[PDB]
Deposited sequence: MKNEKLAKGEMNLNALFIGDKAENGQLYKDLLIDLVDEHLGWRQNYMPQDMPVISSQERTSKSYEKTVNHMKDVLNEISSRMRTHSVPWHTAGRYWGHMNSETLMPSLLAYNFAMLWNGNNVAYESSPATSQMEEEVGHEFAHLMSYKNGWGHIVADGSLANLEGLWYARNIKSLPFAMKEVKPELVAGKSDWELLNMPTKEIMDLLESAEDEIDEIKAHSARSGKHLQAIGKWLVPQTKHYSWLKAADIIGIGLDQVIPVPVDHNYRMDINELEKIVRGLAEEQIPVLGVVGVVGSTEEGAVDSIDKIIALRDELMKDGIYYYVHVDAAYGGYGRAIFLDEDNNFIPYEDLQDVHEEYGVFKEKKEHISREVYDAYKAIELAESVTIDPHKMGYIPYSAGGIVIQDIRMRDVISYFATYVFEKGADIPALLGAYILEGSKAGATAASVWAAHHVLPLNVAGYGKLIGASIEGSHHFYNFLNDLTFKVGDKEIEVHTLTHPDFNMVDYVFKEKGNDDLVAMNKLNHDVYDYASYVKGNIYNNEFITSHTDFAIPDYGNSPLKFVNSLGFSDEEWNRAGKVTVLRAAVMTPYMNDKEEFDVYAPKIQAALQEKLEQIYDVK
């Protein structure tokens, strides 16, 4: 209390806490078995002693052992060794929290289903508490949330909310016109969500008929307008628009700037233009922790722009895709759940051990973005990402608990009444609940874990920016894409002098191949990273500033049509201390020297 040791919370890079994990696991299994035996203890075991020493029992057990050895063989041949402390620099995956692993294995022995309270009252209560913890993480005063199978489905459910909510004024006009007396059709299509919810709550006995005339009926799906997303995340959201019925043509990409954040001037232009056409805006998606560059969209500027457009009768729903970055908000919350003032941030981070070196680590712009999430209608958040909880565990949070009435079907007696999916594991809720209660969602818990990831990524960034290699007669240099908004560092290797961009992309594709399962056995790979392509169809000219900085030309940029970037989502918590990072600094350099020499020689 007053500080917590992250090294006790993971199995470990080298299984240093393996015995601790095993002792706690067997202790938990024993408590489950003891509970099982003392339900109706007067019943004698149905599986007899003689049965358990029979040959048919032994042959079945042997067949089980053979299947499990085959699973062990396959897992140990091919799986990715991202548990390592300072050799894996790629996808959004490190170790998961031991209390979550333990709570999952324990809860799974009961095999409860959280879709109905009767199936598992304890895990249902834990999901409710997890929902309120999500809402408090977003500083929602009367919000709610729940666990979703993954972040893709949470985004879908966010779109489901916006779709139904937008359609509700038309539904009220048709069912109880007194609610929306004297409002033009355009006004109906630009009512703020809070006002819609207030009206719907007034019509208590008519909510069902009103809901029957909303978008749930299949009516007005094209009248509700366009879904605006960052350009770099346009393709992924096509799927959700496809599913929810508005269709691919209703998704509009908003260009990003040279930091891969949505350009808010371009957003204003698209929104005001659409308003001039009397085409409503169904909603806008701001991304907190982008998948391919870890960018944090300026949520504060998205919300303030909305405040200015409401003076001109224009409103849009805001959904925050914080799948990756959402647990990051805990680093700003003190122990009373108050957002720490920016001026005080470095002081509280020193006192809580959040950051080891007292300097600026979080820009005021990222700070302001995270603070304004409180004003968005809904937020996608992934416990299986920055929550360090095992797959599969997404989340969605809604600003106003009343909003769930707009999608409901009749503590929830049937949590399935309020959610997009159906059956779901109570073990998943136990696993999230356990993490949240070992680590509070503020600077005293998750703040310290997020801080260790961010600080490790900053050491990696500084190391790469001072990196030059000699291979044959050639000299290869490393360049970082941008100062990380969160904990993801993107970078490229480039032959000093070579101005062929197609060639640099070949080089960086060669480094990925030799630093992935593509070339060699993964268990013998001394440095592993991930890769992605920034292509003009998805990125526009947002990478042009960076490509120019490296010496390439506008014409080069258009001939290649893309830049191939290496990607490190630094989730390891062990690289926050410079001395620990310095042990792995020469090991990385040496591992890259021999990768580069294989590429040329």
**Deposited-sequence stretches lacking C-alpha coordinates, listed in sequence order** = 1-7, 418-427, 619-620
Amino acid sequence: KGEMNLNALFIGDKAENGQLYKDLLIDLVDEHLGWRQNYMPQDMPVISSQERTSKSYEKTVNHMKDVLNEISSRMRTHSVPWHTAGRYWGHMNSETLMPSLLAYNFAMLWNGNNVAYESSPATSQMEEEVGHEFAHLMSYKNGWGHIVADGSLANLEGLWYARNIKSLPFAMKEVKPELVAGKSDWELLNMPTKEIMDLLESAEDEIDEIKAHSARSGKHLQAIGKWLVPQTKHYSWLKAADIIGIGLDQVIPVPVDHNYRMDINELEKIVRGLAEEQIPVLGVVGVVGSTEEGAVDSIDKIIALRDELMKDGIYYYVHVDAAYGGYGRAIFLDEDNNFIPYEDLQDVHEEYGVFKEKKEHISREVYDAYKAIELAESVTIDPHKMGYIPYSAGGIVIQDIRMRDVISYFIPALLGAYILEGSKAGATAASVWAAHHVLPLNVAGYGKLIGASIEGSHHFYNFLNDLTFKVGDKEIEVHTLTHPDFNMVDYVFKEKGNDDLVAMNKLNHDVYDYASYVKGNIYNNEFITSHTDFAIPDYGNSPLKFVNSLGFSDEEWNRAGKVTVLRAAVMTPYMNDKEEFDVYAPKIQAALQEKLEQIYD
From here on, numbers count along this sequence of modelled residues.
**Complete:** Once average C-alpha B-factors are taken from the entry for 381-389 and 81-89, the winner is 81-89
**Asked** Got a sec? Mean C-alpha B-factor, which is higher, 503-511 or 262-270?
**Response** 503-511
**Asked** Quick one: which of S431, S217, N111, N498 has the biggest Cα B-factor according to the entry?
**Response** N498
**Message:** Highest recorded C-alpha temperature factor, please, choosing from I207, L420, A240, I71.
**Reply:** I207
**Item:** Within-chain third of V67 by Cα B-factor, per the entry
**Value:** lowest
**Request:** Taking the values exactly as deposited, rank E51 by C-alpha B-factor within its chain and report the matching third: lowest, middle or highest.
**Result:** middle
**Request:** Could you say whether, by C-alpha temperature factor, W160 belongs to the lowest, middle or highest third of its chain?
**Result:** lowest
**Fill in**
Entry-reported C-alpha B-factor of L33 relative to its chain, by third, is lowest
**Message:** Splitting the chain's C-alpha B-factors into thirds, which one does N541 fall into?
**Reply:** highest
